[PDB]
Amino acid sequence: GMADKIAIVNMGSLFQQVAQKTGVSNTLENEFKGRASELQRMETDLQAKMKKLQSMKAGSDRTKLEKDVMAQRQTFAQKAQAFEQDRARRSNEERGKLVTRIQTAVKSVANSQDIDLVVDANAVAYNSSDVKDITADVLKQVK
Amino acid sequence: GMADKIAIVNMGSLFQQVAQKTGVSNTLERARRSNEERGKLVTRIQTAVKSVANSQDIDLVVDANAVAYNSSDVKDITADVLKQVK
Amino acid sequence: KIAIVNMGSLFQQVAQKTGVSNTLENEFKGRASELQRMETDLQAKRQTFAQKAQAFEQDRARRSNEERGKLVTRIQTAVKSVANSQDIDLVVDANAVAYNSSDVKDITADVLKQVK
């Protein structure tokens, strides 16, 4: 009865395995590597200016560098904010695409085997051996 | 046998809707109160879940968060529970 | 056929009884103090600090996960023992359950008695 209609699937494991196979994490790293280096250089160069702007006597040159530094800082902030946001957004968009593809596979396997309910293994403390763990069947079906 | 004796409910969705409707957030104007109001809504939602479960003769109601997939043969009583919340 | 068990509750009680938490503090208090003072020593004035305080952070998290995992394993062993004695075929974590009738037994107490 129950061995026929209920199954369990390890969503966490599918996610990890599919993420690695697709290389989603490395692909995101590549997508932001450039902007990340740029932002890093900006801070290196911005500290160097503050370094002098901390040891200069009042006057035309100090007033010009300050106005300059204060200008860079605002740009850095406005650029670093947009960075972190896009990072998080893109990351979420990707992890979500992964979840969806996995769920499509769970549904397919479930319909193939006439299973009405598939519970996430993380919420199961124990199951008899005639209750199917369809994780492996699902992985193979992920497109 | 536990077949149509199992149903699903989306606690996340319910907690959000009931929270907005009771405007518990705006009722701020911080842990002993944000967590207390959280609990208060959970108890109210669980009471409604229990009433709907008995009403439809369900023995076990699972949180949709722990369900990877359910066919149309497994009822989602979320909408029914929302109507019963008080 | 189906039962529920409060995994969170069991984990709390078993961790408390084994004292895993204090054992982990002891495991890291030394290296931790070496860092606290090592901080004020540098703060009162650094590539070795950051590169050492980082490894420490990792080691602790890794070690905490291991001890956590060992506790979960011991509890799962007790859940199975109780499930097989009472002919239960599926045990769901109570934290994923919004309602259960009396025919769906909560075996938390029975499991606790069998841990280890």
# chains A, B, ... in the order shown; residues from 1 in each chain; ligands from 1
>>> select_by_dssp(residues="chain C", states="strand (DSSP E)", output="count of residues only")
14
>>> residues_around(residues="residue 74 in chain B", least_positions_apart="5", cutoff="8 Å", atoms="only C-alpha atoms", output="list in words")
residues 116 and 117 of chain A; 4, 6, 7 and 8 of chain B
>>> write_last_selection(atoms="N, CA and C atoms", output="PDB file, in the first residue's frame")
ATOM      1  N   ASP A 116       2.278   8.940  -5.646  1.00  0.00           N
ATOM      2  CA  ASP A 116       1.468  10.125  -5.350  1.00  0.00           C
ATOM      3  C   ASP A 116       2.171  11.147  -4.486  1.00  0.00           C
ATOM      4  N   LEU A 117       3.078  10.684  -3.634  1.00  0.00           N
ATOM      5  CA  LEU A 117       3.756  11.586  -2.739  1.00  0.00           C
ATOM      6  C   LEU A 117       5.226  11.263  -2.605  1.00  0.00           C
TER       7      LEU A 117
ATOM      8  N   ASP B   4      -5.438   8.463   1.320  1.00  0.00           N
ATOM      9  CA  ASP B   4      -6.050   9.784   1.228  1.00  0.00           C
ATOM     10  C   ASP B   4      -6.181  10.292   2.667  1.00  0.00           C
ATOM     11  N   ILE B   6      -3.462  11.371   4.080  1.00  0.00           N
ATOM     12  CA  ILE B   6      -2.356  12.316   4.158  1.00  0.00           C
ATOM     13  C   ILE B   6      -2.631  13.550   3.299  1.00  0.00           C
ATOM     14  N   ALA B   7      -2.423  14.737   3.860  1.00  0.00           N
ATOM     15  CA  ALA B   7      -2.627  15.959   3.103  1.00  0.00           C
ATOM     16  C   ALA B   7      -1.423  16.852   3.300  1.00  0.00           C
ATOM     17  N   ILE B   8      -1.388  17.924   2.519  1.00  0.00           N
ATOM     18  CA  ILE B   8      -0.307  18.881   2.538  1.00  0.00           C
ATOM     19  C   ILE B   8      -0.818  20.280   2.828  1.00  0.00           C
TER      20      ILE B   8
END
>>> residues_around(residues="range 27-35 of chain A", least_positions_apart="5", cutoff="9 Å", atoms="only C-alpha atoms", output="number ranges by chain")
A: 22, 40, 83, 87, 90-91, 94
>>> write_last_selection(atoms="N, CA and C atoms", output="short mmCIF file (atom, residue, chain, number, x, y, z; two decimals), in the first residue's frame")
data_model
loop_
_atom_site.label_atom_id
_atom_site.label_comp_id
_atom_site.auth_asym_id
_atom_site.auth_seq_id
_atom_site.Cartn_x
_atom_site.Cartn_y
_atom_site.Cartn_z
N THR A 22 26.88 20.75 -13.61
CA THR A 22 26.67 21.92 -14.47
C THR A 22 27.76 22.95 -14.27
N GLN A 40 38.43 45.61 -6.55
CA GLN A 40 39.56 45.44 -5.66
C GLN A 40 40.64 46.48 -5.94
N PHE A 83 27.19 45.62 -7.23
CA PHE A 83 27.91 44.37 -7.41
C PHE A 83 27.28 43.29 -6.53
N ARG A 87 25.27 39.93 -7.64
CA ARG A 87 25.87 38.66 -7.27
C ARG A 87 24.74 37.80 -6.69
N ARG A 90 21.82 37.03 -9.17
CA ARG A 90 22.21 36.03 -10.16
C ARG A 90 22.35 34.65 -9.53
N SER A 91 22.93 34.63 -8.33
CA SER A 91 23.14 33.40 -7.60
C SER A 91 21.78 32.75 -7.38
N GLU A 94 20.13 31.39 -10.50
CA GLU A 94 20.72 30.13 -10.93
C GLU A 94 20.34 28.94 -10.06
#
>>> select_by_dssp(residues="chain B", states="helix (DSSP H, G or I)", output="ChimeraX atom specification")
/B:11-22,31-55,64-66,78-84
>>> residues_around(residues="range 34-36 of chain C", least_positions_apart="5", cutoff="12 Å", atoms="only C-alpha atoms", output="ChimeraX atom specification")
/C:28-29,41-43,46,48-57
>>> interface_residues(of="chain A", to="chain C", cutoff="8 Å", atoms="only C-alpha atoms", output="PyMOL selection string")
chain A and resi 123-128
>>> interface_residues(of="chain C", to="chain B", cutoff="8 Å", atoms="only C-alpha atoms", output="number ranges by chain")
C: 96-101, 103-104
>>> write_last_selection(atoms="N, CA, C and O atoms", output="short mmCIF file (atom, residue, chain, number, x, y, z; two decimals), in the first residue's frame")
data_model
loop_
_atom_site.label_atom_id
_atom_site.label_comp_id
_atom_site.auth_asym_id
_atom_site.auth_seq_id
_atom_site.Cartn_x
_atom_site.Cartn_y
_atom_site.Cartn_z
N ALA C 96 8.07 18.74 10.38
CA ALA C 96 7.52 18.82 9.03
C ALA C 96 6.05 18.42 9.06
O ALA C 96 5.42 18.25 8.01
N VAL C 97 5.51 18.28 10.27
CA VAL C 97 4.12 17.85 10.43
C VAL C 97 3.24 18.93 11.08
O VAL C 97 3.56 19.43 12.15
N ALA C 98 2.12 19.28 10.45
CA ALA C 98 1.23 20.31 11.00
C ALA C 98 0.08 19.71 11.80
O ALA C 98 -0.56 20.40 12.60
N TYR C 99 -0.18 18.43 11.60
CA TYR C 99 -1.24 17.73 12.35
C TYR C 99 -1.11 16.23 12.20
O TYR C 99 -0.77 15.74 11.12
N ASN C 100 -1.38 15.50 13.27
CA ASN C 100 -1.37 14.05 13.22
C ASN C 100 -2.44 13.51 14.16
O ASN C 100 -2.60 14.00 15.28
N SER C 101 -3.21 12.53 13.69
CA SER C 101 -4.25 11.93 14.52
C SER C 101 -3.56 10.95 15.50
O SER C 101 -2.35 10.70 15.37
N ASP C 103 -3.70 7.79 15.59
CA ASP C 103 -3.15 6.61 14.92
C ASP C 103 -1.73 6.87 14.40
O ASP C 103 -1.04 5.95 13.96
N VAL C 104 -1.28 8.11 14.44
CA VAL C 104 0.08 8.43 13.99
C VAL C 104 0.84 8.73 15.27
O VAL C 104 0.83 9.85 15.79
#
>>> interface_residues(of="chain A", to="chain B", cutoff="9 Å", atoms="only C-alpha atoms", output="list in words")
residues 1, 2, 5, 8, 9, 11, 103, 106, 107, 110, 111, 115, 116, 117, 118, 119, 120, 121, 122 and 123 of chain A
>>> write_last_selection(atoms="N, CA and C atoms", output="CSV table (one decimal), in the first residue's frame")
chain,number,residue,atom,x,y,z
A,1,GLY,N,0.8,-1.2,0.0
A,1,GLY,CA,0.0,0.0,0.0
A,1,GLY,C,0.9,1.3,0.0
A,2,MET,N,1.4,1.6,1.2
A,2,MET,CA,2.2,2.8,1.3
A,2,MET,C,3.5,2.7,0.5
A,5,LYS,N,2.6,4.1,-3.0
A,5,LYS,CA,2.2,5.5,-3.2
A,5,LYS,C,3.2,6.6,-2.6
A,8,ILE,N,10.7,8.6,-1.2
A,8,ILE,CA,11.5,9.7,-0.6
A,8,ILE,C,12.5,10.1,-1.7
A,9,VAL,N,13.0,11.3,-1.6
A,9,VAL,CA,14.0,11.7,-2.5
A,9,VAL,C,14.9,12.6,-1.8
A,11,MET,N,16.6,15.7,-1.9
A,11,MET,CA,16.7,17.0,-2.7
A,11,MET,C,18.1,17.6,-2.5
A,103,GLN,N,13.0,19.5,-9.9
A,103,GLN,CA,11.6,19.2,-9.6
A,103,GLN,C,10.9,18.6,-10.9
A,106,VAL,N,11.8,15.0,-10.7
A,106,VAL,CA,11.0,14.3,-9.6
A,106,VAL,C,9.6,14.0,-10.1
A,107,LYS,N,9.0,15.0,-10.7
A,107,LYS,CA,7.6,14.8,-11.2
A,107,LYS,C,7.6,13.7,-12.3
A,110,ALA,N,8.1,10.3,-10.7
A,110,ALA,CA,7.0,10.0,-9.9
A,110,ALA,C,5.8,9.5,-10.7
A,111,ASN,N,5.6,10.2,-11.8
A,111,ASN,CA,4.5,9.8,-12.7
A,111,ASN,C,4.8,8.4,-13.4
A,115,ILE,N,3.7,7.2,-8.2
A,115,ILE,CA,3.9,7.6,-6.9
A,115,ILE,C,3.1,8.9,-6.7
A,116,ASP,N,2.3,8.9,-5.6
A,116,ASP,CA,1.5,10.1,-5.4
A,116,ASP,C,2.2,11.1,-4.5
A,117,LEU,N,3.1,10.7,-3.6
A,117,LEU,CA,3.8,11.6,-2.7
A,117,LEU,C,5.2,11.3,-2.6
A,118,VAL,N,6.1,12.3,-2.8
A,118,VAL,CA,7.5,12.1,-2.7
A,118,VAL,C,7.9,13.0,-1.6
A,119,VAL,N,8.4,12.5,-0.5
A,119,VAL,CA,8.9,13.3,0.7
A,119,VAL,C,10.4,13.5,0.6
A,120,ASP,N,10.8,14.7,1.0
A,120,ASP,CA,12.2,15.0,1.1
A,120,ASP,C,12.9,14.2,2.2
A,121,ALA,N,13.9,13.5,1.9
A,121,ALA,CA,14.6,12.6,2.8
A,121,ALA,C,15.1,13.4,4.1
A,122,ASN,N,15.3,14.7,4.0
A,122,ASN,CA,15.7,15.5,5.1
A,122,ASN,C,14.6,15.5,6.2
A,123,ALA,N,13.3,15.2,5.8
A,123,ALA,CA,12.2,15.2,6.7
A,123,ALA,C,11.9,13.8,7.2
>>> residues_around(residues="residue 24 in chain B", least_positions_apart="6", cutoff="10 Å", atoms="only C-alpha atoms", output="list in words")
residues 18, 34, 37, 38 and 41 of chain B
